[PDB]
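Quick setup: one chain, the form deposited in one PDB entry, written in structure tokens, and binding and motion questions come after.
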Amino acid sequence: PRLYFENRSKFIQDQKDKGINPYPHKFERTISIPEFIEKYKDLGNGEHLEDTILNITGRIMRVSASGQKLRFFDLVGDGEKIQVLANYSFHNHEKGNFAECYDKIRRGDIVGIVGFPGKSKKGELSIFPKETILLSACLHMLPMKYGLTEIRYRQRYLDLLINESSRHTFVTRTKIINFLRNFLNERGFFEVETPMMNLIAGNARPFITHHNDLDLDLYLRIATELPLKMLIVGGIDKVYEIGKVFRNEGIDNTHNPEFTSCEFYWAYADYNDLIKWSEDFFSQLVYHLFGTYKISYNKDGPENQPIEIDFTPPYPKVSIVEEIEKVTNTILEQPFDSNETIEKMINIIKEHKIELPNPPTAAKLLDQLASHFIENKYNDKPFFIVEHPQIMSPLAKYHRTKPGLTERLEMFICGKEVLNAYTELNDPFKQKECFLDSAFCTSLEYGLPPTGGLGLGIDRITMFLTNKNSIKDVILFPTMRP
């Protein structure tokens, strides 16, 4: 209970009163635990190198029987575990009594060990201490290795120490990001940094904050799209950024207020080049992590059967306007925001009984029509939704053959959007929103070269590559209410 904390807290006072520093300043580690393994993992059983004295650190995760001559411990560090065999014969009695300097070590304590490598006669690789010091004691009681359950979200430090699956989840998350950064850097791109506080944000509700020195409300950025396109006008033909974006929307299993995004912009490249980029990226991404393009994902949870997602390119391409016109057997007349087609789309929303968006705009009705009849159609492999109407794509260049549409693409995994790209609209006259930042509109008048931009959802991508059902499991500290 709280009793264990009260006992360990006053033990720290005892050692302080006995002239011992329970939190010493420096302990010179001469080898880490993973490095300890590789250097001595092929030693014989019972073979001791008693004449190679190491200095090792780590956390105690298991204390064994208190045999008054042999002590067994578990030293875990950097995600890997070794054994500690404290023998009275090998212990240095010059610094303290053997039984006295080991009965005080509880499970969870950070210790510093001076010893030599070797293997047990059983066959377990162990470090044999001649000297053991407490570096940082654990006042509370650590849970068992299967005791975590939303504590993993608030006390993430416990979740990283107890559940082995949690570390792997984040060792691969930053590997997905590092692979993405190298993928663009090796193709001649340019990582930059665009501001997060502006005067207008540019489908999102804005986080409003106030600057006290300037006395003006600033919108937290919802997308790094506009300032990156302004950098394309500036000459930076291949630019990207990987940072946090903000949505003041709802919180559920696949949405978070802040979330990691990546947007690159490619000069003189178009919609066809963006499809090839995503096919090359995701295929090599999952092959870099797994040695294969087919991955297993549990859409229904770990208790149920998983599905197989094949990442072998190419991926299916599906036009949104056509399949909405097929699965519903309807014909939508352009313009889609006419008072007749708007009513016709609402009629389909009420027949098939779907949550009608609020308010009923032709863009939201088309998006809602695609979210039910198209998105959750193909789950065993990623696919693109292509050629969105310009009523749904204000900054996407008009389609070069079919009127009313654009050259847009959205890739989905298990029916969730993880990618958004299109050929960038560069005509300032065809951009009617410019009669949006007025600084962006002015930058279009200075000449935006034919550009293709693409946006990636880092958190959702990491979810499906780690077999996770909730976005709270790919973020170290998800924002919640105390």
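Sequential numbering from 1, following the sequence displayed. What we label the rigid core is the largest C-alpha set whose atoms superpose within 1.5 Å from one form to the other.
Judged by the one-third criterion across other entries of this protein, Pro143, modelled here, is also modelled in every one of those that cover both its neighbours. In at least a third of the other PDB entries of this protein that model the residues around it, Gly202 has no coordinates.
Where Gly77 is followed by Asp78 in the displayed chain, the model omits none of the deposited residues that would sit between the two. The deposited sequence places no unmodelled residues between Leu231 and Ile232, so the chain runs continuously there. Looking at mean Cα B-factors across 386 to 394 and 357 to 365, the upper value is held by 357 to 365. Between 281 to 289 and 157 to 165, the higher mean Cα B-factor belongs to 157 to 165. Of the candidates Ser261, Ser296, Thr174, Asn329, it is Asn329 whose Cα B-factor is highest according to the PDB record. Set against one another, the Cα B-factors of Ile346, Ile236, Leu184, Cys138 in the record reach their highest point at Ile346. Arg221: CA B factor lies in the lowest third for its chain, per the PDB record.
Placement of the Cα temperature factor of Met463 within the chain: lowest third of the modelled residues, per the deposited record. Ranked within its chain, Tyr378 lands in the highest third, by CA B factor from the PDB record. Ranked within its chain, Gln68 lands in the highest third, by CA B factor from the PDB record. Looking at the C-alpha B-factors along this chain, the one for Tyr146 belongs to the highest third.
The next section is about a form of this same protein that is not shown, the form deposited in another entry.
Core superposition between this form and the one not shown leaves every listed residue (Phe336, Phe311, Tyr297, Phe264) with a C-alpha shift below 2 angstroms except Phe336. For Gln83, the Cα coordinates differ by under 2 angstroms between this form and the one not shown after the core has been superposed. In the core-superposed comparison between this form and the one not shown, the C-alpha atom of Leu180 has shifted by less than 2 angstroms. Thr361 shows a C-alpha shift of 2 Å or greater between this form and the one not shown [criterion: core-superposed Cα displacement of 2 Å].
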